[PDB]
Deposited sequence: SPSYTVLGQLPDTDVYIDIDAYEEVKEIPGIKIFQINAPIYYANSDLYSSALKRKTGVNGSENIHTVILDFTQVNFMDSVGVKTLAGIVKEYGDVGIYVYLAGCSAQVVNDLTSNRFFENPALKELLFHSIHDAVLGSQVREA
């Protein structure tokens, strides 16, 4: 798909890349890592034993209201079955867009933000169930 890319980990590193870019790259059991390559409502359309979903926002330069609403729905619906959706690599601007569109109306959602994919992976290691 062009709207998202499944990422895996280069073994024994904090390097995460396209699962298809190199043979030894492997997904992490219990975690799904998706790189957003288009506005999330496009990638979400494709979405339509995992404990964590990590969304890599490194390619995202801004978000619009529809996208934030879509993301809020993804986070809520996964959360309602105990699955955490983490946001990795959001720029200051993207976080401003999330905030402006009231994504953090519940300030607890701030806890879903991580600087890097690896940080997000480590964040999932131990947490309130």
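Open item on the list: Going by C-alpha coordinates, which parts of the deposited sequence are missing from this model?
Closed with: No coordinates exist for the deposited residues in 49-62, so this stretch alone is absent from the model.
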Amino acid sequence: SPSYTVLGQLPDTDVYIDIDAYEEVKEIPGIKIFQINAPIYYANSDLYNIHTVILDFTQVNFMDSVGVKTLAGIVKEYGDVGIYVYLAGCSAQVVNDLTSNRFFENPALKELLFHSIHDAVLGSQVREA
From here on, numbers count along this sequence of modelled residues.
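- [ ] Compare the mean C-alpha B-factor of 93-101 with that of 37-45 as given in the PDB entry, and name the stretch with the higher value.
- [x] So the stretch with the higher mean C-alpha B-factor is 37-45.
Open item on the list: Comparing average C-alpha B factors as deposited, tell me which of 56-64 and 23-31 sits higher.
Closed with: Taking the mean C-alpha B-factor of 56-64 and of 23-31, the larger value falls to 23-31.
- [ ] Could you say whether, by C-alpha temperature factor, residue 111 belongs to the lowest, middle or highest third of its chain?
- [x] For residue 111, whose C-alpha B-factor we compare with every modelled residue in the chain, the answer is the lowest third.
Open item on the list: Test of reading the entry: by CA B factor among the chain's modelled residues, which third contains residue 18?
Closed with: Middle third of the chain for residue 18's C-alpha B-factor.
Open item on the list: Based on the deposited C-alpha B factors for this chain, I'd like to know if residue 71 is in the lowest, middle or highest third.
Closed with: For residue 71, the deposited C-alpha B-factor lands in the lowest third.
Open item on the list: Sorting by Cα B-factor within the chain, modelled residues only, which third would residue 5 end up in: lowest, middle or highest?
Closed with: Middle third by C-alpha B-factor.
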